[PDB]
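J.: The structure is given below, and queries will be raised subsequently.
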Amino acid sequence: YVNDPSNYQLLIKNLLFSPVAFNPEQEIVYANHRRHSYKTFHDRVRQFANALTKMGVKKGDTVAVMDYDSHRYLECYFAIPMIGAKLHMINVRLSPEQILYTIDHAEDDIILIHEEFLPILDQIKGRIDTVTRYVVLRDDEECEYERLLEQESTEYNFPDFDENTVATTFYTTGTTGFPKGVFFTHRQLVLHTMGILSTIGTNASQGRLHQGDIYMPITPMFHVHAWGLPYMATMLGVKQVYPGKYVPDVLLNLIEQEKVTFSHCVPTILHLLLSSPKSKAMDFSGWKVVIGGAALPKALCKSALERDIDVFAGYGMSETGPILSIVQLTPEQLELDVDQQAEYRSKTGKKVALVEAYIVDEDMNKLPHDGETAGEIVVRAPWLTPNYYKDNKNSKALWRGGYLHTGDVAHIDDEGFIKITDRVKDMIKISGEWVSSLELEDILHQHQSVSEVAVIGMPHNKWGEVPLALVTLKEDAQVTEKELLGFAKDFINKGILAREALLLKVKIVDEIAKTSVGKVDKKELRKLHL
Amino acid sequence: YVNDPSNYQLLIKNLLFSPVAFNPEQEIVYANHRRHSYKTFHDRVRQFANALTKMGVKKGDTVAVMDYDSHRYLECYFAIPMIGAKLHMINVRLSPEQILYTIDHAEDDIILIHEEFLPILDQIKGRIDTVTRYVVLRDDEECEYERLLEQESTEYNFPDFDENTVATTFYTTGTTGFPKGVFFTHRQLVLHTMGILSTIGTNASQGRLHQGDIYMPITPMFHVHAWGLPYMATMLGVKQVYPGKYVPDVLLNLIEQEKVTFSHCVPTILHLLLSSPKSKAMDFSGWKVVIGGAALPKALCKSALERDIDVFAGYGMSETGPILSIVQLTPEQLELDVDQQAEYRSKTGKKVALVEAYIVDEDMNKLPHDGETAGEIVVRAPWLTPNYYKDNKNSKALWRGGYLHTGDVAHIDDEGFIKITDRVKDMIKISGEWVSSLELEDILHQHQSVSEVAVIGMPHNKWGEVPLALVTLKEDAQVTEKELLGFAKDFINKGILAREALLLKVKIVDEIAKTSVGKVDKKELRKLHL
Amino acid sequence: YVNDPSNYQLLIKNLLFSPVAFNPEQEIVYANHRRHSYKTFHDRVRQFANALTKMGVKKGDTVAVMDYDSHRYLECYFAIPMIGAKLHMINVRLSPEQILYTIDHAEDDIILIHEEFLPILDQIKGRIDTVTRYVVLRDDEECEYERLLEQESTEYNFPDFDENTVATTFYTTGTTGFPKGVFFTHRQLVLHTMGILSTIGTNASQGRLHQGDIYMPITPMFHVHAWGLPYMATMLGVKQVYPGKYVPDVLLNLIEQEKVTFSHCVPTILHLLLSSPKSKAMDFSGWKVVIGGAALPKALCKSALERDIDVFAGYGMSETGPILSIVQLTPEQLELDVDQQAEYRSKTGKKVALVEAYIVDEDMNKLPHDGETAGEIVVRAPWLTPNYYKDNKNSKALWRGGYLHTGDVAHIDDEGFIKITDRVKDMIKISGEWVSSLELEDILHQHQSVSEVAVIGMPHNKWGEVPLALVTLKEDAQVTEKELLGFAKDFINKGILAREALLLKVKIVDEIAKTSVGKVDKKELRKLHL
């Protein structure tokens, strides 16, 4: 590759070596295990580059990583793309069959795997081909990663190549029969960092990431680039803390001791942290957790707000960078009390810089932003995956009509706020309208004797797909389906026949199927019950 | 596509419409179900082309087929490639998981499936995407295939395109973790038909396919194009008989009644046909079965020869056309008695026209053709798959050194005869030599109380991979491992320490794992026992 | 030229080194002069390659050959194309002016010429340029070809190049003012061998070439590649016998002694062989002569059939491979007596595999195959010359309408049999119809006092081109033109006015002009008499 110096390529090496701020004595902390300054981090990145070059890794090669959040993963977030290779992130929460499928599909050359993830490999070891080396990671001095770095020098000259070379890849489940591979380039990652920093960094007084913060991931970091936060934090030169196993009492101790001020997690982990007894007497009024997993509930947001936590939500869905929208509160919205605070902070939010985010119907009709008319979200951003890896027909449905189809059904306010109602596939087609099942599940969950609810659709000739409810009862609770039908019928203010109360068809089941990640198996139920 | 008429493209449509011989009143017979002349076959091919065009099938599209041997499959062997689409052949003997994987990998648009294969689809129906139509096939008037053809006209103008467009594809298991896809073009299929017809058609008096024969497949026909025989037979304009379910007493009745003279089957089906009581009083001295499945045994060949059956073997392995070599007997080899007859007829055979077939070592050293020096077979033919579909590193191991690696270890005589000894992966590395496990299994199977034997390798520091034997005992038989060790030690005439008798390590196991096709699971045993 | 090994090129070297069968002890016999096995033939081919490389012959160069049928010509049929050069075949029966024209037009670099063809060169020696070396061939030890081979080694590594490189060329007279050059590639020759072997090799019991035959050319072998037979025979590894001068009593002795079973000749040579006294007591019932020169007559075919000779005809015309059609008899046609046998065996025959062979009018109207409607034959085959060498307007008339124009007028039966009636230029246009002159010549030749007849056309305003007959009288025979007119008028069953008997205009001439090859000069007569 020959380049004139006039033409500038947006590369990750520029993100690391030309930051917003660089503090040599700023530290990276691996929880109670390791601690080293940014100088050491740069030296280790160059050593890892030397070690990878010694192993035969080339520009087109692919390296797979399977471990928790640590300094090693931050070093993998940089070293592998700079040398020109592809960083494949393995979802350790998938089944061994799916993991083996993704490894075979991506054709990984070298696999870095943590020690306690070894049993998962042990039952798919012989099925794996095209893999030449396994590097076992450990939390003590016996780590093979550390041994490989020591044998190397801290000098390295990082190449300059085209900005459109692929940098990272990972696989998403979704609604398909097999996991789908999404990839991003150097230019896309650099642009995502720039855009999100411009959007959230310029906020007046709420929910802003600045150069004085201390960062901590609580998202698995093998999923969506940890929302791109490790790339952003490194660019700000801020202190970074990595917990590892995500134990609540280790996380709380680390927030207390390292003085963490910025984080991202999911509603379940946040609920665990807030409910843990050790957190009952710990200061929280410096912390800015971002909730991005799914559907930050109002009750959780309110309970966090009573603890003086700057909690706010964001939207991203594994093919979109991921970040597409974040809630930002104007100065007159900060004076509202907690009830209105939790209303706004729980929304999907306004779209970030350089995002279009239209609402449409199957006809691509671009429905108006009145506030109640719902439709699918279609977006155009600088950091969207062009297609699925080694896929043709799924790729054409992804980019149908000239826009990326997220698969989420939402309505957009006049001011810009987005509120996601449901999924496109979870829309049930009664007559000629589309009502959401999430509101029905929320209504049924309000029952005192109901544990969990799943609402699905069943065919009917004259009224299309009509509702069906599967509920799980609590301890020593026995309520008939008639009582639940009446309880749902008691509510008001909805369209359709009366209030769409003749076809609820609630049924009591002992258990409800769930994915390996922990989401309801609406599709296998679409299979089991009909 | 614009073509000058001077430039000639080798297409399958030329194979059908410009045959060696065309007899309008010659018939195609579906066993006791249907019977129609070649005129009707041509009309039905054009009708099927019209029906496929009406369904939206284009040049790049792919159509999957899942049924038995019938007139419908012969029509699919022609109509789908002519219109420009890809014919994907589905192995109905694989597990539903593997079938679903292959359907997803090939991205089939339309699936033609037989009725009694429906349950297999029923448990993978929801997992399948990218498939728009299912056509259910039946043996009565209710067939959807027949209904779709009736609605069409017998006229059609078949396009002319480049001869390198892909025509057929199917998936092979092999030693990999997932099935591998192999594809062939129009030119390759036409050349395979020409070459094999030139090779076996020109034989003086033995094992020749000529224009006076009656053809019958006994190979599943979704595996290796049924050895290309349906393409050859159609070109000769010979009578074709299709049995369907491969029942021995239906097959024998069809051979008796339709006067079948040419066939291809596997050793198991041939043994079933010869041992069936109904065949005890049926004339067989006009039949020329070709054994191509695996390792035609000498005893079976001798027993077939005592029935005056022109039985001979052929070699092909799913990435090679398939045909690479066929045994042909010279006029002075026909005067030998049955003992020498079964020796020659059971060999791999001389390579067919336009095949190179060298023997080599890992160093590509091209070992001499002395008669006992064994090595891997590497071939160059006009009809080899260039690579695996959507695969890179497996494709490079397939064509390593400029030749296609079959994975079979054989020695080649001076005259040209090839005798396959074992597989490359089943070679066990004692010290510095490679002895075959097939001979050891044959020796151990000679025991009177032994049912089946599998020989594998186990590590040992000073002597490399050494042998281990797993045997299954017959009814009410209990022989210790010492007796089997001594019985194997009793034999003579082999290299290595004495006769390599200190490490046989025979073990008695109730059962031995087998693939879904019926082959020993040497690799899962490499896993279970070590 | 760089080639991946996956892409297979159809070359003549594959035809020689990857045959259908290879027998090292099988022999090549030059009549009573030389005899050497196939091992020696391969060694001599490599030696000839070395010698040609030493002389400065390159990939684009052209080598001309002028001799009889011998082992040397078979070696030239292989060695020159493999090294990449063009083999130019010189018609030794042309006039020295035409030979000089063809040598100048092809621009030959090196000329191999037999000794007794030297006088022909002696009178055009000074006119020839661009020729650097003459190699004189002899039937004794003084041959320069043998001396050049001895000085060389038997090792050679034959190059691999594109299959579309030109291999052979020769010139045809035809109807043009100068000879026309036709050329073929490696791919075309390989495909011609494959197709013809598939067509005639697969016949049930009549007229088949198999691996047990002994081959002998009786066609000059510098005309149409000897019908491609030397390429086919070498691929079958059969014994080959070369007579040289085509003396009838040397040919009969060679058939008797070498046990020849397959041959191709012309009607004149076959008549000479059958009428020779030495053949009166020689067994003929193993011989399969193919008549391909022109118009195998029924009387000759019947007389050959009474000798138990499997005589059959074939069609080819120097721009078409040459083979386009061969007569093949079905099993129920073998039971007919000699009268019906000679009817079928004398026809043009059914088209061979991969040939289209339509019948058309000037409007390209594709006349039906009723059995009596005649028209020009237009063909599409894999082995047709794309154009004439260094010619533009003749090339466009050759491939007018998207088909190759043979220039022969024939009618095609419903079953497929072709019967050539005449030539396009020899069609005479009375009124609005086209009657053939060959039938008129045959009718006039039936006279007892008539030696030879030529029928031509003359202008007439109201009836177009009308007939004229030139006859030669036998010894001491004087029949007036009135008697011949009446004899022709006596016949019946033809169209036109009455039976087209008012314009026969028979004339008695002492002699009739003939070409240097021995065909009637219809065009110079079109010039002399009108």
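To be explicit about the labels: the chains of the structure tokens are called A, B, and onward in the order shown, and within each one the residues are counted from 1, while ligands get numbers from 1 in the order they are shown.
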Which residues are near residue 12 of chain C? Cut-off 12 Å, only C-alpha atoms, ignore same chain within fewer than 2 positions. Put them as a VMD selection string.
T.: (chain B and resid 354) or (chain C and resid 9 to 10 14 to 19 77 to 84 158 to 168 184 to 194 231 to 232 234 to 235)
J.: Suppose we keep C-alpha atoms; can you now write the selection as an mmCIF file, in the first residue's frame?
T.:
```cif
data_model
loop_
_atom_site.group_PDB
_atom_site.id
_atom_site.type_symbol
_atom_site.label_atom_id
_atom_site.label_comp_id
_atom_site.auth_asym_id
_atom_site.auth_seq_id
_atom_site.Cartn_x
_atom_site.Cartn_y
_atom_site.Cartn_z
ATOM 1 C CA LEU B 354 -7.540 -37.345 -19.042
ATOM 2 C CA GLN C 9 -6.734 -26.833 -20.514
ATOM 3 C CA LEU C 10 -7.619 -29.374 -23.201
ATOM 4 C CA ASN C 14 -3.039 -34.717 -22.488
ATOM 5 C CA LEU C 15 -4.316 -36.784 -25.409
ATOM 6 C CA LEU C 16 -0.931 -38.500 -25.702
ATOM 7 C CA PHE C 17 0.114 -38.796 -22.037
ATOM 8 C CA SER C 18 -3.357 -39.423 -20.539
ATOM 9 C CA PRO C 19 -4.902 -41.908 -22.975
ATOM 10 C CA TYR C 77 0.960 -34.939 -35.511
ATOM 11 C CA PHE C 78 2.033 -34.706 -31.859
ATOM 12 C CA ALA C 79 5.460 -33.108 -31.390
ATOM 13 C CA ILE C 80 4.874 -29.885 -33.347
ATOM 14 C CA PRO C 81 1.589 -28.885 -31.609
ATOM 15 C CA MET C 82 2.891 -29.731 -28.111
ATOM 16 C CA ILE C 83 5.869 -27.436 -28.334
ATOM 17 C CA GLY C 84 3.379 -24.762 -29.347
ATOM 18 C CA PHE C 158 6.231 -30.074 -22.493
ATOM 19 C CA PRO C 159 4.766 -26.607 -21.808
ATOM 20 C CA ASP C 160 1.235 -25.831 -20.702
ATOM 21 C CA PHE C 161 -0.498 -23.028 -22.579
ATOM 22 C CA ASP C 162 -3.989 -21.858 -23.464
ATOM 23 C CA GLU C 163 -6.201 -24.435 -25.164
ATOM 24 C CA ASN C 164 -7.182 -21.933 -27.878
ATOM 25 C CA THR C 165 -3.712 -21.773 -29.430
ATOM 26 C CA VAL C 166 -3.738 -22.946 -33.039
ATOM 27 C CA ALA C 167 -2.384 -26.467 -33.540
ATOM 28 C CA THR C 168 -2.887 -27.495 -37.181
ATOM 29 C CA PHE C 184 -7.997 -25.727 -35.574
ATOM 30 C CA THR C 185 -6.970 -25.382 -31.937
ATOM 31 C CA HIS C 186 -5.891 -27.890 -29.303
ATOM 32 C CA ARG C 187 -9.321 -27.784 -27.669
ATOM 33 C CA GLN C 188 -11.102 -28.470 -30.962
ATOM 34 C CA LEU C 189 -8.932 -31.497 -31.758
ATOM 35 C CA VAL C 190 -9.312 -32.956 -28.260
ATOM 36 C CA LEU C 191 -13.080 -32.427 -28.388
ATOM 37 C CA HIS C 192 -13.273 -34.008 -31.841
ATOM 38 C CA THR C 193 -11.458 -37.096 -30.567
ATOM 39 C CA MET C 194 -13.708 -37.335 -27.492
ATOM 40 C CA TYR C 231 -5.449 -39.046 -32.786
ATOM 41 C CA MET C 232 -8.151 -41.546 -31.823
ATOM 42 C CA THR C 234 -3.169 -43.331 -30.264
ATOM 43 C CA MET C 235 -5.653 -42.625 -27.482
#
```
J.: Can you pull out the residues contacting residue 466 of chain A? Cut-off 9 Å, using only C-alpha atoms, and skip same-chain residues under 4 positions away; I want them as number ranges by chain.
T.: A: 428-431, 456-460, 503-504
J.: Find the residues in chain A near chain B: any atom within 9 Å counts, using only C-alpha atoms. Write them as a list in words.
T.: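 Matching residues, ligands excluded from the count: residues 100, 101, 104, 105, 107, 126, 127, 128, 129, 130, 176, 177, 178, 390, 391, 392, 393, 394, 523, 524 and 527 of chain A.
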J.: Please extract the residues of segment 168-342 of chain B with a backbone DSSP assignment of strand (DSSP E or B) and present them as an MDAnalysis selection string.
T.: chainID B and resid 168:172 180:185 214:217 239:242 262:265 288:291 312:316 323:326
J.: Export, as a compact mmCIF listing (two decimals), in the first residue's frame, the selected residues with N, CA, C and O atoms.
T.:
```txt
# COMPACT_ATOMS: atom_id res chain seq x y z
N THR B 168 -24.38 -27.65 -10.73
CA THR B 168 -24.82 -28.50 -9.63
C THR B 168 -23.93 -28.28 -8.41
O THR B 168 -22.79 -27.83 -8.52
N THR B 169 -24.48 -28.60 -7.24
CA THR B 169 -23.74 -28.53 -5.99
C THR B 169 -24.34 -29.52 -5.00
O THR B 169 -25.52 -29.85 -5.06
N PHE B 170 -23.48 -30.02 -4.11
CA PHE B 170 -23.91 -30.88 -3.02
C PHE B 170 -22.84 -30.83 -1.94
O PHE B 170 -21.75 -30.31 -2.15
N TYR B 171 -23.14 -31.35 -0.79
CA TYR B 171 -22.29 -31.22 0.34
C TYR B 171 -21.81 -32.52 0.78
O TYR B 171 -22.50 -33.48 0.76
N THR B 172 -20.57 -32.56 1.19
CA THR B 172 -19.96 -33.77 1.68
C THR B 172 -19.55 -33.60 3.09
O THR B 172 -19.13 -32.55 3.49
N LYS B 180 -18.93 -29.77 3.71
CA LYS B 180 -18.23 -28.94 2.73
C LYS B 180 -18.97 -28.99 1.40
O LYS B 180 -19.39 -30.06 0.96
N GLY B 181 -19.14 -27.83 0.77
CA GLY B 181 -19.88 -27.74 -0.47
C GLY B 181 -18.96 -27.79 -1.68
O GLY B 181 -17.99 -27.04 -1.76
N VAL B 182 -19.29 -28.66 -2.62
CA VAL B 182 -18.54 -28.82 -3.86
C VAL B 182 -19.48 -28.52 -5.01
O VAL B 182 -20.67 -28.86 -4.96
N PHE B 183 -18.96 -27.88 -6.05
CA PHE B 183 -19.77 -27.44 -7.17
C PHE B 183 -19.05 -27.76 -8.48
O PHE B 183 -17.83 -27.90 -8.52
N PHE B 184 -19.84 -27.88 -9.54
CA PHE B 184 -19.33 -28.19 -10.86
C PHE B 184 -20.03 -27.30 -11.88
O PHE B 184 -21.13 -26.80 -11.63
N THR B 185 -19.39 -27.10 -13.02
CA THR B 185 -19.94 -26.26 -14.08
C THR B 185 -20.51 -27.12 -15.20
O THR B 185 -20.41 -28.35 -15.19
N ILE B 214 -29.87 -51.27 -20.87
CA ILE B 214 -30.97 -50.75 -20.08
C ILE B 214 -30.43 -50.37 -18.71
O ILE B 214 -29.87 -51.22 -18.01
N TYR B 215 -30.62 -49.12 -18.32
CA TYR B 215 -29.93 -48.54 -17.17
C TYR B 215 -30.85 -48.50 -15.96
O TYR B 215 -32.06 -48.32 -16.10
N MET B 216 -30.26 -48.70 -14.78
CA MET B 216 -30.95 -48.64 -13.49
C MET B 216 -30.01 -48.16 -12.39
O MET B 216 -29.02 -48.83 -12.09
N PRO B 217 -30.29 -47.02 -11.77
CA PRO B 217 -29.50 -46.61 -10.61
C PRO B 217 -29.86 -47.40 -9.37
O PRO B 217 -31.02 -47.74 -9.13
N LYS B 239 -33.01 -47.11 -22.58
CA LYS B 239 -34.11 -47.23 -21.64
C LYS B 239 -33.60 -47.06 -20.22
O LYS B 239 -32.54 -47.58 -19.85
N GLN B 240 -34.34 -46.30 -19.42
CA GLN B 240 -33.97 -45.99 -18.05
C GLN B 240 -35.08 -46.42 -17.11
O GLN B 240 -36.25 -46.12 -17.34
N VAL B 241 -34.71 -47.13 -16.04
CA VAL B 241 -35.66 -47.63 -15.06
C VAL B 241 -35.28 -47.09 -13.70
O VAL B 241 -34.10 -47.14 -13.31
N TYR B 242 -36.25 -46.54 -12.98
CA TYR B 242 -36.01 -45.95 -11.67
C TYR B 242 -36.82 -46.68 -10.61
O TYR B 242 -38.06 -46.70 -10.70
N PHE B 262 -27.41 -52.80 -17.02
CA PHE B 262 -26.36 -51.96 -16.46
C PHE B 262 -26.86 -51.29 -15.19
O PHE B 262 -27.98 -50.78 -15.14
N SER B 263 -26.01 -51.28 -14.16
CA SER B 263 -26.38 -50.73 -12.87
C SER B 263 -25.13 -50.30 -12.13
O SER B 263 -24.01 -50.64 -12.51
N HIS B 264 -25.33 -49.53 -11.06
CA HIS B 264 -24.28 -49.21 -10.10
C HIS B 264 -24.88 -49.25 -8.71
O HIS B 264 -25.96 -48.70 -8.48
N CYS B 265 -24.18 -49.90 -7.78
CA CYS B 265 -24.67 -50.01 -6.42
C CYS B 265 -23.49 -50.02 -5.46
O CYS B 265 -22.36 -49.67 -5.83
N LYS B 288 -24.37 -55.90 -15.49
CA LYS B 288 -23.03 -55.33 -15.39
C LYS B 288 -22.92 -54.33 -14.25
O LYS B 288 -22.54 -53.18 -14.47
N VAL B 289 -23.27 -54.74 -13.03
CA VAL B 289 -23.23 -53.84 -11.89
C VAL B 289 -21.82 -53.29 -11.68
O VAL B 289 -20.82 -54.00 -11.81
N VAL B 290 -21.75 -52.00 -11.36
CA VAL B 290 -20.50 -51.31 -11.03
C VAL B 290 -20.53 -50.98 -9.55
O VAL B 290 -21.45 -50.31 -9.08
N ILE B 291 -19.52 -51.43 -8.81
CA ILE B 291 -19.44 -51.22 -7.37
C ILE B 291 -18.55 -50.01 -7.12
O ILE B 291 -17.37 -50.01 -7.49
N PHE B 312 -17.59 -55.16 -11.45
CA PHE B 312 -16.30 -54.49 -11.42
C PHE B 312 -16.41 -53.21 -10.61
O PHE B 312 -17.51 -52.68 -10.40
N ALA B 313 -15.27 -52.72 -10.14
CA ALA B 313 -15.22 -51.62 -9.20
C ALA B 313 -14.79 -50.32 -9.87
O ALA B 313 -14.18 -50.32 -10.94
N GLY B 314 -15.12 -49.21 -9.22
CA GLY B 314 -14.70 -47.91 -9.67
C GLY B 314 -14.42 -47.01 -8.48
O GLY B 314 -14.87 -47.26 -7.37
N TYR B 315 -13.65 -45.95 -8.74
CA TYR B 315 -13.20 -45.05 -7.69
C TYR B 315 -13.68 -43.64 -7.97
O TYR B 315 -13.57 -43.15 -9.10
N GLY B 316 -14.18 -42.98 -6.93
CA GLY B 316 -14.64 -41.60 -6.99
C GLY B 316 -15.00 -41.14 -5.59
O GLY B 316 -15.49 -41.94 -4.79
N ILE B 323 -15.82 -39.83 -11.07
CA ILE B 323 -15.07 -40.99 -11.54
C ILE B 323 -13.63 -40.61 -11.85
O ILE B 323 -13.36 -39.62 -12.54
N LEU B 324 -12.70 -41.39 -11.32
CA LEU B 324 -11.27 -41.24 -11.53
C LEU B 324 -10.62 -42.49 -12.10
O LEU B 324 -9.68 -42.38 -12.88
N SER B 325 -11.10 -43.67 -11.72
CA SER B 325 -10.51 -44.92 -12.19
C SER B 325 -11.55 -46.02 -12.20
O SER B 325 -12.45 -46.03 -11.35
N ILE B 326 -11.44 -46.93 -13.16
CA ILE B 326 -12.32 -48.09 -13.28
C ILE B 326 -11.47 -49.28 -13.69
O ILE B 326 -10.55 -49.14 -14.50
```
J.: Just the residues within 7 Å of segment 416-420 of chain A, please, counting only C-alpha atoms, with nothing from its chain fewer than 5 positions along; format it as JSON, numbers by chain.
T.: {"A": [347, 348, 349, 350, 408, 409, 410, 411]}
J.: If you run DSSP on the backbone here, which positions in segment 347-428 of chain A get alpha helix (DSSP H)? Please write them as a count of residues only.
T.: 6
J.: Considering only C-alpha atoms, return as a short mmCIF file (atom, residue, chain, number, x, y, z; two decimals) with C-alpha atoms, in the first residue's frame whatever protein or nucleic-acid residues lie within 10 Å of residue 205 of chain A, sequence-local ones (same chain, fewer than 6 positions apart) excluded.
T.:
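Final output, saved to out.cif:
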```
data_model
loop_
_atom_site.label_atom_id
_atom_site.label_comp_id
_atom_site.auth_asym_id
_atom_site.auth_seq_id
_atom_site.Cartn_x
_atom_site.Cartn_y
_atom_site.Cartn_z
CA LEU A 329 -32.12 16.51 29.43
CA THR A 330 -32.44 20.24 28.76
CA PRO A 331 -31.86 22.71 31.62
CA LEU A 334 -33.67 19.08 35.28
#
```
J.: Can you tell me how far atom CA of residue 346 of chain B sits from atom CA of residue 484 of chain B, in Å to one decimal?
T.: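 Going from atom CA of residue 346 of chain B over to atom CA of residue 484 of chain B covers 27.9 Å.
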J.: Between B:179, B:243, B:207, B:286, which one has atoms that come closest to residue 99 of chain B, using only C-alpha atoms?
T.: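 Closest candidate: B:179.
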J.: Interatomic distance between atom CA of residue 359 of chain A and atom CA of residue 343 of chain A?
T.: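 For atom CA of residue 359 of chain A relative to atom CA of residue 343 of chain A, the distance reads 21.6 Å.
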J.: What does the distance between atom CA of residue 211 of chain A and atom CA of residue 357 of chain A come to in Å, to one decimal place?
T.: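 Separating atom CA of residue 211 of chain A from atom CA of residue 357 of chain A is a distance of 29.6 Å.
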J.: Just checking: using only C-alpha atoms, which residue out of B:267, B:439, B:132, B:202 ends up closest to residue 238 of chain C?
T.: B:202
J.: Find the residues around residue 496 of chain B up to 10 Å (only C-alpha atoms counted), leave out those fewer than 4 positions away in its own chain, and share them as a list in words.
T.: residues 430, 431, 432, 433, 434, 435, 500 and 501 of chain B
J.: Need to verify the contact set: segment 506-514 of chain C, 10 Å, only C-alpha atoms, exclusion of same-chain residues closer than 5 positions in sequence. Can you return it as a ChimeraX atom specification?
T.: /C:444,450,452-455,467-474,478-485,488,519-525
J.: Do you know which residues are at most 9 Å from residue 271 of chain B counting only C-alpha atoms, after dropping those on the same chain fewer than 4 positions away, and could you put them as a PyMOL selection string?
T.: chain B and resi 266-267+275-276+300+304
J.: Name the closest residue to residue 20 of chain C among the candidates C:233, C:85, C:224, C:52; distances are taken between atoms, counting only C-alpha atoms.
T.: C:233
